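Peer 1: Here you go, one structure.
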Amino acid sequence: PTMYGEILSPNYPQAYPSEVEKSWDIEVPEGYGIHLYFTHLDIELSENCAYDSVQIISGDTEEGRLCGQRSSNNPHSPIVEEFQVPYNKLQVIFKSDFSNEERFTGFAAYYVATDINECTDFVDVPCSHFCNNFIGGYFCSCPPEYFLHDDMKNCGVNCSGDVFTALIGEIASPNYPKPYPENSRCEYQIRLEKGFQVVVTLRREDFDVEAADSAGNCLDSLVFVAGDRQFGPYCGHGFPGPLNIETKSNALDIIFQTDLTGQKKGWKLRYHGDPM
Amino acid sequence: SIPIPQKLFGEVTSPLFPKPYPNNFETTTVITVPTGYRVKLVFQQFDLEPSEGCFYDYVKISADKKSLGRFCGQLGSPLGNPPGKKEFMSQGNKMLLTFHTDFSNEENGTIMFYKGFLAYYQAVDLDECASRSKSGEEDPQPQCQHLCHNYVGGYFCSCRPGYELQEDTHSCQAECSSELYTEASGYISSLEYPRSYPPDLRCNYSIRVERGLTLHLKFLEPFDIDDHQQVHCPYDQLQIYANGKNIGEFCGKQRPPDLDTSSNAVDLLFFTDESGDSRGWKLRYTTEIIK
Ligand SMILES: *[C@@H]1O[C@H](CO)[C@@H](O[C@@H]2O[C@H](CO)[C@@H](O[C@@H]3O[C@H](CO[C@H]4O[C@H](CO)[C@@H](O)[C@H](O)[C@@H]4O)[C@@H](O)[C@H](O[C@H]4O[C@H](CO)[C@@H](O[C@@H]5O[C@H](CO)[C@H](O[C@@H]6O[C@H](CO)[C@@H](O)[C@H](O)[C@H]6NC(C)=O)[C@H](O)[C@H]5O)[C@H](O)[C@@H]4O)[C@@H]3O)[C@H](O)[C@H]2NC(C)=O)[C@H](O)[C@H]1NC(C)=O
Ligand SMILES: *[C@@H]1O[C@H](CO)[C@@H](O[C@@H]2O[C@H](CO)[C@@H](O[C@@H]3O[C@H](CO)[C@@H](O)[C@H](O)[C@@H]3O)[C@H](O)[C@H]2NC(C)=O)[C@H](O)[C@H]1NC(C)=O
Ligand SMILES: *[C@@H]1O[C@H](CO)[C@@H](O)[C@H](O)[C@H]1NC(C)=O
Ligand SMILES: [Ca+2]
Ligand SMILES: [Ca+2]
Ligand SMILES: [Ca+2]
Ligand SMILES: [Ca+2]
Ligand SMILES: [Ca+2]
Ligand SMILES: [Ca+2]
Ligand code: NA
Ligand code: NA
Ligand code: NA
């Protein structure tokens with residue numbers, strides 16, 4: 001239960017006793033990884049570290065097994081072997097048999113607790129839009145005019161009632177990436193300076209809406225209105241339009257119509273500006 | 001908005017954020033993390049009055065004793081000098097921020113609304129080791145001789161094999177008191193051989209083998225100890241006790257003769273002066289049997 005620690009062989013730096021099995025349980029507080037490194041290594045040499053060995057087990061898995069005589073080659077660094085783990089607990093088990101051919105001084109190692117950068121250190125990111133790391137934990141953040149869900153993990157946008165003024169911003173369907181609500185009409189408005197042009201980007205795979213009927217009429221529809229020009233209506237699984245769209249307009253209205261049943265994942269998009 | 005000494009992270013907003021900021025306004029807010037920490041920070045939103053060279057409005061961020069940035073404008077427009085998302089780390093524990101805005105934010109005879117900015121800052125631990133100011137540390141002694149350790153907040157030090165850390169926790173002495181040897185054969189050498197041996201030492205290299213064996217001591221070349229031809233060993237002495245009794249006090253340039261002890265217990269005592277010019281000694285000890 002420390003932020004740092006030292007582990008030495010018994011009777012260091014003299015010869016170690018035979019027929020021994022000593023264990024140490026490393027523990028650091030929540031949200032810390034562990035960096036365990038060896039400054040001195042002089043152990044009885046055996047194939048697959050059979051006779052004598054020092055063992056590194058994290059939880060249930062054996063993180064390493066070391067033996068032999070080795071000293072630091074670099075004069076600028078004392079480290080000989082090292083390991084880095086994203087866990088807050090460790091176990092080290094050093095064992096030696098009943099005989100030693102020569103005098104072996106054992107080993108000298110140290111461990112330090114390192115912060116987990118939860119945004120980058122993990123494969124799964126526990127934030128829908130933006131991740132904030134801090135020493136000992138994390139918390140999520142959201143784009144302009146996004147509201148955090150009570151699960152403190154995913155962000156949401158309101159279906160209607162907001163006025164966008166930023167040049168570059170994000171817009172999504174409500175509850176995204178959860179399924180969109182039924183029987184809703186969502187109108188979002190983007191307003192830039194007269195001299196600027198709204199250019200809209202959205203990924204082809206971030207689009208899944210109830211498919212059209214046999215005749216090709218969208219039962220649920222999404223549609224982009226730019227004054228007189230109009231892009232849509234779009235529906236189905238996968239965005240059919242191009243991924244980069246220039247509207248040639250400073251004001252844009254996005255409309256989303258859904259019926260009672262036939263819901264799907266939804267959509268997400270992001271717009272930036274280009275002068276005129 | 002969160003200047004406090006004991007605080008890990010925090011948020012810094014433009015005035016009235018998200019509501020647009022007022023004209024004729026300049027405010028300096030200073031971030032301070034506790035001792036032994038750097039200050040990282042980025043901008044999520046950034047919407048200021050643009051100007052070539054940032055003459056009208058700007059955000060001026062400065063490190064310990066150096067102005068790192070002075071940036072203005074909007075997040076995406078090529079108007080010039082937006083930070084966007086870039087990292088801005090300090091060296092010490094203090095980061096000075098400033099926000100300036102002149103009287104006119106309405107370019108080209110029409111009205112314009114500029115929000116401000118959203119800055120996030122985290123604290124970081126600094127690597128005291130990697131600083132490496134080898135010379136010029138007399139008021140503090142923040143660097144150690146054999147090895148230091150970088151951990152969060154503070155730092156601690158440690159010595160090479162066979163050395164003890166003294167009270168200052170910055171320098172090391174030699175232990176060299178209970179140096180034990182019970183193996184069959186073996187090698188015994190003065191500390192840091194063949195480099196100069198440390199001064200002011202009282203070493204007891206104790207060999208204790210299983211009873212029923214006789215010890216054979218073979219000295220190695222080189223064998224360099226500060227000697228004197230008038231009286232032998234005035235500064236440094238290498239006494240040898242065998243079977244409880246002294247068997248010779250050695251020092252000099254030529255190695256002592258190979259010894260046969262007829263004993264299972266020997267003790268090599270090593271006494272040093274207060275200077276190291278000579279190199280030292282090394283010996284192989286082996287065991288033979290009797291009837
Ligand atoms: C450099 O290091 C060496 C390391 O060996 C030092 O050598 C030691 O020198 C000192 C004297 O300067 C001395 O150590 C002490 O010895 C006494 C016993 O000496 C008695 O002998 C005289 C002889 O006339 C009597 O008249 C007195 O009554 C003396 O008292 C101990 O009492 C001392 O205190 C502790 O020592 C151990 C540790 O607990 C305990 O056991 C005693 O130790 C001695 C050995 O010193 C005996 O040895 C054992 O005998 C058994 C017999 O079955 C054998 O297996 C084996 O030889 C020994 N085994 C073990 C396990 O020791 C007994 O064990 C027992 O009397 C004491 O009860 C007490 O707690 C102190 O040990 C000694 O001459 C040597 N050797 C050792 C090991 O100490 C040298 O001094 C150092 N250099 C300098 C400058 O100091
Ligand atoms: C989506 O956008 C806004 C977000 O600003 C939605 O407004 C919601 O309801 C009220 C609006 O006044 C705000 O929270 C409420 O504030 C009252 C003030 O007294 C307070 O008593 C309550 O705690 C309540 O939460 C807030 O703007 C927002 N709140 C929530 C929980 O969403 C708005 O309904 C949506 N549509 C439009 C067009 O803005
Ligand atoms: C700002 O620029 C526009 C377009 O170049 C121009 O028509 C307008 O007159 C300018 N504003 C003023 C106050 O001149
Ligand atoms: Ca053994
Ligand atoms: Ca963290
Ligand atoms: Ca539906
Ligand atoms: Ca201004
Ligand atoms: Ca540190
Ligand atoms: Ca000397
Ligand atoms: Na040891
Ligand atoms: Na959805
Ligand atoms: Na030496």
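Chain lettering (A, B, ...) mirrors the order of the structure tokens, residue numbering begins at 1 for each chain separately, and ligand numbering begins at 1 in order of display.
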Could you write out as an MDAnalysis selection string the residues of chain B within 7 Å of chain A, counting only C-alpha atoms?

Peer 2: chainID B and resid 9 76 122 151 161:162 180 183

Peer 1: Can you list, as a PyMOL selection string, every residue of segment 95-177 of chain B that DSSP puts in strand (DSSP E or B)?

Peer 2: chain B and resi 95-101+117-125+147-150+155-158+163-165+172-174

Peer 1: Those same residues, written as a tab-separated table (two decimals), in the first residue's frame with N, CA, C and O atoms?

Peer 2:
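Ended up saving to part17.tsv:
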chain	number	residue	atom	x	y	z
B	95	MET	N	2.17	28.47	-14.04
B	95	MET	CA	1.89	28.78	-15.44
B	95	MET	C	1.02	30.03	-15.49
B	95	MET	O	-0.11	30.01	-15.01
B	96	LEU	N	1.54	31.10	-16.09
B	96	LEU	CA	0.86	32.38	-16.09
B	96	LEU	C	0.02	32.52	-17.36
B	96	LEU	O	0.55	32.41	-18.47
B	97	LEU	N	-1.27	32.77	-17.20
B	97	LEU	CA	-2.19	32.98	-18.32
B	97	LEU	C	-2.72	34.40	-18.30
B	97	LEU	O	-2.87	35.02	-17.24
B	98	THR	N	-3.01	34.93	-19.49
B	98	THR	CA	-3.53	36.28	-19.64
B	98	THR	C	-4.50	36.31	-20.81
B	98	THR	O	-4.30	35.61	-21.80
B	99	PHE	N	-5.55	37.11	-20.68
B	99	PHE	CA	-6.56	37.28	-21.72
B	99	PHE	C	-6.79	38.77	-21.93
B	99	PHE	O	-7.17	39.48	-21.00
B	100	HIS	N	-6.55	39.24	-23.16
B	100	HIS	CA	-6.61	40.66	-23.49
B	100	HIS	C	-7.55	40.91	-24.66
B	100	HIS	O	-7.59	40.13	-25.63
B	101	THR	N	-8.27	42.03	-24.59
B	101	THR	CA	-9.32	42.38	-25.53
B	101	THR	C	-9.47	43.90	-25.55
B	101	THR	O	-9.74	44.51	-24.51
B	117	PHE	N	-12.92	30.85	-24.77
B	117	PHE	CA	-12.11	29.64	-24.84
B	117	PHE	C	-12.39	28.74	-23.65
B	117	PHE	O	-12.90	29.19	-22.61
B	118	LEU	N	-12.06	27.46	-23.81
B	118	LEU	CA	-12.16	26.46	-22.75
B	118	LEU	C	-10.80	25.79	-22.59
B	118	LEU	O	-10.41	24.97	-23.43
B	119	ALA	N	-10.09	26.13	-21.53
B	119	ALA	CA	-8.78	25.55	-21.24
B	119	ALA	C	-8.91	24.52	-20.13
B	119	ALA	O	-9.54	24.78	-19.10
B	120	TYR	N	-8.30	23.35	-20.34
B	120	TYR	CA	-8.19	22.31	-19.33
B	120	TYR	C	-6.73	22.15	-18.94
B	120	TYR	O	-5.85	22.16	-19.81
B	121	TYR	N	-6.45	22.01	-17.65
B	121	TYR	CA	-5.08	21.79	-17.20
B	121	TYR	C	-5.01	20.60	-16.26
B	121	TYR	O	-5.85	20.46	-15.36
B	122	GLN	N	-4.03	19.73	-16.48
B	122	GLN	CA	-3.67	18.65	-15.58
B	122	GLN	C	-2.30	18.92	-14.98
B	122	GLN	O	-1.48	19.66	-15.53
B	123	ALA	N	-2.05	18.29	-13.83
B	123	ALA	CA	-0.72	18.30	-13.24
B	123	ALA	C	0.05	17.06	-13.69
B	123	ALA	O	-0.54	16.03	-14.04
B	124	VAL	N	1.38	17.18	-13.70
B	124	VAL	CA	2.27	16.08	-14.07
B	124	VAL	C	3.40	16.02	-13.06
B	124	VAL	O	3.71	17.02	-12.40
B	125	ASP	N	3.99	14.84	-12.90
B	125	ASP	CA	5.20	14.70	-12.10
B	125	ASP	C	6.42	14.92	-12.99
B	125	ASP	O	6.43	14.53	-14.16
B	147	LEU	N	22.49	6.27	-7.71
B	147	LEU	CA	21.27	6.31	-8.50
B	147	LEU	C	20.16	6.98	-7.71
B	147	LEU	O	20.09	6.87	-6.48
B	148	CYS	N	19.31	7.70	-8.44
B	148	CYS	CA	18.09	8.31	-7.94
B	148	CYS	C	16.90	7.55	-8.50
B	148	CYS	O	17.04	6.61	-9.29
B	149	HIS	N	15.70	7.98	-8.11
B	149	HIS	CA	14.47	7.35	-8.56
B	149	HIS	C	13.42	8.42	-8.81
B	149	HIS	O	13.25	9.32	-7.99
B	150	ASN	N	12.73	8.30	-9.93
B	150	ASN	CA	11.67	9.23	-10.29
B	150	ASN	C	10.33	8.58	-9.97
B	150	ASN	O	9.95	7.59	-10.60
B	155	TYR	N	11.14	12.27	-4.83
B	155	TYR	CA	12.19	11.41	-5.36
B	155	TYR	C	13.03	10.91	-4.20
B	155	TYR	O	13.21	11.61	-3.20
B	156	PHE	N	13.54	9.69	-4.34
B	156	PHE	CA	14.42	9.09	-3.34
B	156	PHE	C	15.59	8.44	-4.05
B	156	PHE	O	15.55	8.18	-5.25
B	157	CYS	N	16.66	8.17	-3.30
B	157	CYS	CA	17.91	7.72	-3.88
B	157	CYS	C	18.36	6.40	-3.27
B	157	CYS	O	17.86	5.95	-2.24
B	158	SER	N	19.33	5.77	-3.95
B	158	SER	CA	19.89	4.51	-3.50
B	158	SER	C	21.30	4.35	-4.07
B	158	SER	O	21.67	4.97	-5.08
B	163	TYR	N	27.04	-0.65	-0.53
B	163	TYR	CA	27.15	0.68	0.04
B	163	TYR	C	25.88	1.04	0.79
B	163	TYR	O	24.79	0.55	0.47
B	164	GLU	N	26.03	1.89	1.81
B	164	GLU	CA	24.93	2.34	2.65
B	164	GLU	C	24.63	3.81	2.39
B	164	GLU	O	25.53	4.60	2.07
B	165	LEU	N	23.36	4.16	2.52
B	165	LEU	CA	22.91	5.54	2.34
B	165	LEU	C	22.97	6.26	3.68
B	165	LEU	O	22.37	5.80	4.67
B	172	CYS	N	26.49	8.39	-0.25
B	172	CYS	CA	26.62	7.02	0.22
B	172	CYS	C	28.01	6.78	0.79
B	172	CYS	O	29.00	7.32	0.29
B	173	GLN	N	28.07	5.97	1.83
B	173	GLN	CA	29.30	5.43	2.39
B	173	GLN	C	29.39	3.95	2.05
B	173	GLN	O	28.48	3.37	1.46
B	174	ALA	N	30.51	3.33	2.42
B	174	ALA	CA	30.67	1.90	2.27
B	174	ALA	C	30.29	1.20	3.57
B	174	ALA	O	30.61	1.69	4.66

Peer 1: Compute the set of protein, DNA and RNA residues whose minimum atom distance to ligand 6 is at most 10 Å, using only C-alpha atoms and all ligand atoms, and state it as a ChimeraX atom specification.

Peer 2: /A:179-184,209-211,219-221,257-264

Peer 1: Can I get the selection written as an mmCIF file, in the first residue's frame, with C-alpha atoms?

Peer 2:
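File selection02.cif, as written:
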data_model
loop_
_atom_site.group_PDB
_atom_site.id
_atom_site.type_symbol
_atom_site.label_atom_id
_atom_site.label_comp_id
_atom_site.auth_asym_id
_atom_site.auth_seq_id
_atom_site.Cartn_x
_atom_site.Cartn_y
_atom_site.Cartn_z
ATOM 1 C CA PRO A 179 -30.913 3.713 -30.766
ATOM 2 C CA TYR A 180 -32.736 6.896 -31.707
ATOM 3 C CA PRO A 181 -36.147 7.714 -30.198
ATOM 4 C CA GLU A 182 -39.321 7.091 -32.166
ATOM 5 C CA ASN A 183 -41.963 9.542 -33.396
ATOM 6 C CA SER A 184 -39.659 12.567 -33.394
ATOM 7 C CA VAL A 209 -31.637 4.458 -40.253
ATOM 8 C CA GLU A 210 -34.742 2.380 -40.981
ATOM 9 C CA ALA A 211 -34.696 1.248 -44.603
ATOM 10 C CA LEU A 219 -40.098 5.565 -43.942
ATOM 11 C CA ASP A 220 -37.732 7.475 -41.656
ATOM 12 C CA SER A 221 -35.773 10.277 -43.278
ATOM 13 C CA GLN A 257 -38.183 12.445 -39.115
ATOM 14 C CA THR A 258 -38.954 9.091 -37.474
ATOM 15 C CA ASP A 259 -42.067 6.938 -37.127
ATOM 16 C CA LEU A 260 -43.139 4.732 -34.211
ATOM 17 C CA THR A 261 -41.179 1.553 -34.971
ATOM 18 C CA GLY A 262 -38.190 0.532 -37.018
ATOM 19 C CA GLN A 263 -35.395 2.226 -35.087
ATOM 20 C CA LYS A 264 -31.662 1.783 -35.600
#

Peer 1: In Å, how far is it from atom CA of residue 178 of chain A to atom CA of residue 146 of chain A?

Peer 2: 15.1 Å

Peer 1: Show me which residues line ligand 1, defined as having an atom within 9 Å of a ligand atom where only C-alpha atoms and all ligand atoms count, and present them as a ChimeraX atom specification.

Peer 2: /B:177-180,202-208,211,241,244,265-269

Peer 1: Which residues are near ligand 4 - at most 8 Å, using only C-alpha atoms and all ligand atoms? Format: as an NGL selection string.

Peer 2: :A and (16-20 or 44 or 51-52 or 96-100)

Peer 1: Between atom CA of residue 227 of chain B and atom CA of residue 190 of chain B, measure the distance and give it in Å to one decimal.

Peer 2: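 Rounded to one decimal, the two atoms are 16.2 Å apart.
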
Peer 1: Using Å and a single decimal, report how far atom CA of residue 93 of chain B sits from atom CA of residue 65 of chain B.

Peer 2: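 Going from atom CA of residue 65 of chain B over to atom CA of residue 93 of chain B, I get 11.6 Å.
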
Peer 1: So which one's closest to ligand 3, B:81, B:52, B:110, B:45? Using only C-alpha atoms and all ligand atoms, please.

Peer 2: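 Of B:81, B:52, B:110, B:45, the one nearest ligand 3, counting only C-alpha atoms and all ligand atoms, is B:110.
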
Peer 1: Excluding same-chain residues fewer than 3 positions from residue 231 of chain A, what lies within 12 Å of it counting only C-alpha atoms, as a list in words?

Peer 2: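 Counting only the stated atoms, we get residues 200, 221, 222, 223, 224, 225, 226, 227, 228, 234, 235, 240, 241, 242, 245, 246, 247, 252, 253, 254 and 255 of chain A.
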
Peer 1: Could you produce a table of the residues of chain B lying within 7 Å of ligand 12, with the nearest pair of atoms per residue and their separation in Å rounded to one decimal, using only C-alpha atoms and all ligand atoms, ordered by chain and increasing residue number, as JSON lines?

Peer 2:
{"residue": "B:190", "atom": "CA", "partner": "ligand 12", "partner_atom_place_in_ligand_line": "1 (Na)", "distance": 4.5}
{"residue": "B:191", "atom": "CA", "partner": "ligand 12", "partner_atom_place_in_ligand_line": "1 (Na)", "distance": 5.1}
{"residue": "B:192", "atom": "CA", "partner": "ligand 12", "partner_atom_place_in_ligand_line": "1 (Na)", "distance": 4.8}
{"residue": "B:193", "atom": "CA", "partner": "ligand 12", "partner_atom_place_in_ligand_line": "1 (Na)", "distance": 3.7}
{"residue": "B:194", "atom": "CA", "partner": "ligand 12", "partner_atom_place_in_ligand_line": "1 (Na)", "distance": 4.9}
{"residue": "B:195", "atom": "CA", "partner": "ligand 12", "partner_atom_place_in_ligand_line": "1 (Na)", "distance": 4.9}
{"residue": "B:196", "atom": "CA", "partner": "ligand 12", "partner_atom_place_in_ligand_line": "1 (Na)", "distance": 4.8}
{"residue": "B:197", "atom": "CA", "partner": "ligand 12", "partner_atom_place_in_ligand_line": "1 (Na)", "distance": 3.9}
{"residue": "B:279", "atom": "CA", "partner": "ligand 12", "partner_atom_place_in_ligand_line": "1 (Na)", "distance": 4.8}
{"residue": "B:280", "atom": "CA", "partner": "ligand 12", "partner_atom_place_in_ligand_line": "1 (Na)", "distance": 3.8}
{"residue": "B:281", "atom": "CA", "partner": "ligand 12", "partner_atom_place_in_ligand_line": "1 (Na)", "distance": 6.3}

Peer 1: Keeping only N, CA, C and O atoms, write those residues as a PDB file, in the first residue's frame.

Peer 2:
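Now in part-v6.pdb:
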ATOM      1  N   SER B 190      39.060  -5.816  -2.952  1.00  0.00           N
ATOM      2  CA  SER B 190      38.758  -4.517  -2.367  1.00  0.00           C
ATOM      3  C   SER B 190      37.663  -3.825  -3.172  1.00  0.00           C
ATOM      4  O   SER B 190      37.541  -4.014  -4.386  1.00  0.00           O
ATOM      5  N   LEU B 191      36.858  -3.022  -2.480  1.00  0.00           N
ATOM      6  CA  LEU B 191      35.708  -2.386  -3.111  1.00  0.00           C
ATOM      7  C   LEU B 191      36.146  -1.508  -4.277  1.00  0.00           C
ATOM      8  O   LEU B 191      37.073  -0.702  -4.152  1.00  0.00           O
ATOM      9  N   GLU B 192      35.470  -1.677  -5.416  1.00  0.00           N
ATOM     10  CA  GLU B 192      35.764  -0.946  -6.647  1.00  0.00           C
ATOM     11  C   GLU B 192      37.211  -1.173  -7.093  1.00  0.00           C
ATOM     12  O   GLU B 192      38.032  -0.258  -7.137  1.00  0.00           O
ATOM     13  N   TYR B 193      37.506  -2.425  -7.422  1.00  0.00           N
ATOM     14  CA  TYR B 193      38.780  -2.922  -7.919  1.00  0.00           C
ATOM     15  C   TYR B 193      38.726  -3.094  -9.433  1.00  0.00           C
ATOM     16  O   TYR B 193      37.716  -3.566  -9.965  1.00  0.00           O
ATOM     17  N   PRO B 194      39.785  -2.730 -10.178  1.00  0.00           N
ATOM     18  CA  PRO B 194      41.059  -2.199  -9.686  1.00  0.00           C
ATOM     19  C   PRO B 194      41.110  -0.676  -9.576  1.00  0.00           C
ATOM     20  O   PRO B 194      42.195  -0.099  -9.664  1.00  0.00           O
ATOM     21  N   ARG B 195      39.962  -0.032  -9.389  1.00  0.00           N
ATOM     22  CA  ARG B 195      39.965   1.400  -9.147  1.00  0.00           C
ATOM     23  C   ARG B 195      40.446   1.685  -7.726  1.00  0.00           C
ATOM     24  O   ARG B 195      40.571   0.786  -6.892  1.00  0.00           O
ATOM     25  N   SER B 196      40.730   2.957  -7.455  1.00  0.00           N
ATOM     26  CA  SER B 196      41.249   3.335  -6.149  1.00  0.00           C
ATOM     27  C   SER B 196      40.253   2.976  -5.054  1.00  0.00           C
ATOM     28  O   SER B 196      39.042   3.157  -5.207  1.00  0.00           O
ATOM     29  N   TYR B 197      40.773   2.452  -3.946  1.00  0.00           N
ATOM     30  CA  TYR B 197      39.900   2.050  -2.855  1.00  0.00           C
ATOM     31  C   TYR B 197      39.460   3.265  -2.037  1.00  0.00           C
ATOM     32  O   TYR B 197      40.204   4.241  -1.914  1.00  0.00           O
ATOM     33  N   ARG B 279      45.632   1.183  -5.927  1.00  0.00           N
ATOM     34  CA  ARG B 279      44.512   0.525  -6.591  1.00  0.00           C
ATOM     35  C   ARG B 279      43.786  -0.452  -5.666  1.00  0.00           C
ATOM     36  O   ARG B 279      42.592  -0.288  -5.397  1.00  0.00           O
ATOM     37  N   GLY B 280      44.482  -1.456  -5.168  1.00  0.00           N
ATOM     38  CA  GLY B 280      43.862  -2.368  -4.229  1.00  0.00           C
ATOM     39  C   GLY B 280      44.458  -3.766  -4.346  1.00  0.00           C
ATOM     40  O   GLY B 280      45.652  -3.922  -4.606  1.00  0.00           O
ATOM     41  N   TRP B 281      43.598  -4.765  -4.148  1.00  0.00           N
ATOM     42  CA  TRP B 281      44.023  -6.155  -4.087  1.00  0.00           C
ATOM     43  C   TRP B 281      42.860  -7.058  -4.474  1.00  0.00           C
ATOM     44  O   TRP B 281      41.694  -6.664  -4.405  1.00  0.00           O
TER      45      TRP B 281
END

Peer 1: Quick one: of B:56, B:284, B:8, B:271, who's nearest to ligand 5, counting only C-alpha atoms and all ligand atoms?

Peer 2: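 Using only C-alpha atoms and all ligand atoms, the shortest distance to ligand 5 belongs to B:8.
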
Peer 1: Using only C-alpha atoms and all ligand atoms, which protein or nucleic acid residues are at most 8 Å from ligand 2, as number ranges by chain?

Peer 2: A: 145, 147, 157-163

Peer 1: Okay, now the selection with N, CA, C and O atoms, as a PDB file, in the first residue's frame?

Peer 2:
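Full text of selection.pdb as output:
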ATOM      1  N   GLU A 145     -22.498  22.190 -26.984  1.00  0.00           N
ATOM      2  CA  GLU A 145     -23.928  21.918 -26.818  1.00  0.00           C
ATOM      3  C   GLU A 145     -24.214  20.419 -26.751  1.00  0.00           C
ATOM      4  O   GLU A 145     -25.160  19.917 -27.360  1.00  0.00           O
ATOM      5  N   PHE A 147     -24.685  17.302 -23.699  1.00  0.00           N
ATOM      6  CA  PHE A 147     -24.990  17.113 -22.290  1.00  0.00           C
ATOM      7  C   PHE A 147     -24.656  15.689 -21.871  1.00  0.00           C
ATOM      8  O   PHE A 147     -24.952  14.732 -22.593  1.00  0.00           O
ATOM      9  N   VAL A 157     -27.125  14.829 -27.267  1.00  0.00           N
ATOM     10  CA  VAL A 157     -27.534  16.114 -27.811  1.00  0.00           C
ATOM     11  C   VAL A 157     -29.049  16.192 -27.732  1.00  0.00           C
ATOM     12  O   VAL A 157     -29.750  15.178 -27.804  1.00  0.00           O
ATOM     13  N   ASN A 158     -29.554  17.404 -27.545  1.00  0.00           N
ATOM     14  CA  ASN A 158     -30.992  17.599 -27.610  1.00  0.00           C
ATOM     15  C   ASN A 158     -31.441  17.562 -29.065  1.00  0.00           C
ATOM     16  O   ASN A 158     -30.741  18.041 -29.960  1.00  0.00           O
ATOM     17  N   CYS A 159     -32.632  17.010 -29.287  1.00  0.00           N
ATOM     18  CA  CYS A 159     -33.144  16.831 -30.640  1.00  0.00           C
ATOM     19  C   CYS A 159     -33.481  18.162 -31.300  1.00  0.00           C
ATOM     20  O   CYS A 159     -33.271  18.330 -32.508  1.00  0.00           O
ATOM     21  N   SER A 160     -33.991  19.120 -30.533  1.00  0.00           N
ATOM     22  CA  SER A 160     -34.303  20.436 -31.071  1.00  0.00           C
ATOM     23  C   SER A 160     -34.157  21.473 -29.967  1.00  0.00           C
ATOM     24  O   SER A 160     -34.228  21.147 -28.779  1.00  0.00           O
ATOM     25  N   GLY A 161     -33.927  22.715 -30.382  1.00  0.00           N
ATOM     26  CA  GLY A 161     -33.918  23.887 -29.525  1.00  0.00           C
ATOM     27  C   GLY A 161     -32.578  24.607 -29.297  1.00  0.00           C
ATOM     28  O   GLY A 161     -32.519  25.499 -28.441  1.00  0.00           O
ATOM     29  N   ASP A 162     -31.551  24.330 -30.094  1.00  0.00           N
ATOM     30  CA  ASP A 162     -30.249  24.946 -29.890  1.00  0.00           C
ATOM     31  C   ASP A 162     -29.813  25.672 -31.154  1.00  0.00           C
ATOM     32  O   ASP A 162     -30.220  25.317 -32.265  1.00  0.00           O
ATOM     33  N   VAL A 163     -28.987  26.700 -30.977  1.00  0.00           N
ATOM     34  CA  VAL A 163     -28.485  27.508 -32.085  1.00  0.00           C
ATOM     35  C   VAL A 163     -26.963  27.405 -32.110  1.00  0.00           C
ATOM     36  O   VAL A 163     -26.283  27.819 -31.161  1.00  0.00           O
TER      37      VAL A 163
END

Peer 1: Could you give me, as a Markdown table, every chain A residue with an atom at most 6 Å from ligand 11, plus its closest atom pair and distance in Å to one decimal, counting only C-alpha atoms and all ligand atoms, rows ordered by chain then number?

Peer 2:
| residue | atom | partner | partner_atom_place_in_ligand_line | distance |
| --- | --- | --- | --- | --- |
| A:173 | CA | ligand 11 | 1 (Na) | 4.9 |
| A:174 | CA | ligand 11 | 1 (Na) | 5.3 |
| A:175 | CA | ligand 11 | 1 (Na) | 5.1 |
| A:176 | CA | ligand 11 | 1 (Na) | 4.0 |
| A:177 | CA | ligand 11 | 1 (Na) | 5.2 |
| A:178 | CA | ligand 11 | 1 (Na) | 4.8 |
| A:179 | CA | ligand 11 | 1 (Na) | 4.0 |
| A:180 | CA | ligand 11 | 1 (Na) | 3.5 |
| A:265 | CA | ligand 11 | 1 (Na) | 5.0 |
| A:266 | CA | ligand 11 | 1 (Na) | 3.8 |

Peer 1: How would you report the residues lying within 9 Å of ligand 9, as a ChimeraX atom specification, if you count only C-alpha atoms and all ligand atoms?

Peer 2: /B:196-200,225-227,235-236,271-280

Peer 1: Write out as a VMD selection string which residues come within 9 Å of residue 140 of chain A when counting only C-alpha atoms, dropping same-chain ones fewer than 2 positions away.

Peer 2: chain A and resid 126 to 133 138 142 148 152 to 155

Peer 1: Just the residues within 8 Å of residue 91 of chain A, please, counting only C-alpha atoms, with nothing from its chain fewer than 6 positions along; format it as a VMD selection string.

Peer 2: chain A and resid 23 to 26 56 to 59
